[PDB]
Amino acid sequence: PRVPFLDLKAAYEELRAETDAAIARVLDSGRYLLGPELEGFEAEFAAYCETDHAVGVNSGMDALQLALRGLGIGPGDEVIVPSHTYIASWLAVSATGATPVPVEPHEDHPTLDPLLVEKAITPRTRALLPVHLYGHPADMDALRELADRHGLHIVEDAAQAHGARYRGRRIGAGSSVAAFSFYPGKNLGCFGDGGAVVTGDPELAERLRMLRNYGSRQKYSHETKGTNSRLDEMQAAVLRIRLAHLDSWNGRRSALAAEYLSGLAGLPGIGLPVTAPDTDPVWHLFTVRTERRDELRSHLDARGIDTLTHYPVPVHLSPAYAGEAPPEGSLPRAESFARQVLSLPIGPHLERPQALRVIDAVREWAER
């Protein structure tokens, strides 16, 4: 019996009946798109995030893209993005025609270094795109201070941070503009692709409802250009159930995280995640860093432990960004991260003893 990285089936199994019923409900409704499930989810998700509006879309990527779009970002604009993140973050900027400008993470936290952000700002800069990587919130007060002083917008990539808190407030609260993914493996996931943009701005909320719907807010009418990026009634129905358990599931993750942080303490060659001050991380991913990453991975594999790497290739070095990003060596932080990082099993369906088993193996290796 192996230790799985993240059991999707178990999420279904835990709420089988409720899940089956919601789906059955949608089926019987004869309403599959832009229905009451979506409205209910949005309402519920908005309140959860301590904000006014939730606009369900098709995926975390569109969420980011439509948010930037709705904020008027496009060609000739620069959007500061993190050098250390998942490629989609950059892709969403690219998709709008705007230019992504990478900024290195903090020396101790996998998020955007505020000090380094300021330096990257230019007259073409229009927005900051911090990513609350692995469920860890970036230094929002600092970034906001900067944004205000430079007249920039802030679109948050909260795809790995559902429910997290920064200085006691939910990610996406108030005047925030935050994008989320409901991809099956996310903290809050469904059985297909899904996403959302949360915002406290009524005009932005309106544009998003339009942009995700062929630029229309009335049948047969198309006021602006737009696309097809919606969250199905089926998925939304399921989301409503998961949402009700979100805090509890994240709680489970935190508990597991405490174990790892405690059991992995003081190990040679094992760099542990640092929780930023006044933050409540959601541990979408539990990451460790070591110079002998490949070795540790194999050892874990040998010990029957499933792992993933987030991410083996720094965005700037992916062929997808060939000829457009800084040269290797020019983003050493992202580079070192990519080569040292490993994700340990974590989830709301992973049990204490399983986590302890993982600790045994990492320990053995570190002590090897």
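Just count from 1 along the sequence shown to find any residue number.
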| query | So 26 to 34 or 320 to 328, which one's hotter by mean CA B-factor in the entry? | reply | 320 to 328
| query | Averaging C-alpha B-factors over each stretch, which comes out higher, 54 to 62 or 39 to 47? | reply | 39 to 47
| request: Select one of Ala164, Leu152, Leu91, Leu208: the residue whose C-alpha shows the highest B-factor in the crystal structure entry. | output: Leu152
| Deposited CA B-factor, highest of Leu231, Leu246, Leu133, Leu296 | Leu246
| remark: Split the chain's modelled residues into thirds by Cα B-factor; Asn250 lands in the lowest
| Lowest, middle or highest third of the chain for the C-alpha temperature factor of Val81? | middle
| message | Split into thirds by Cα B-factor across the chain's modelled residues, where does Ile87 land: lowest, middle or highest? | response | lowest
| C-alpha B factor of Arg170, ranked within the chain: lowest, middle or highest third? | middle
| said: Using the temperature factors of the C-alpha atoms in this entry, rank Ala361 within its chain: lowest, middle or highest third. | reply: lowest
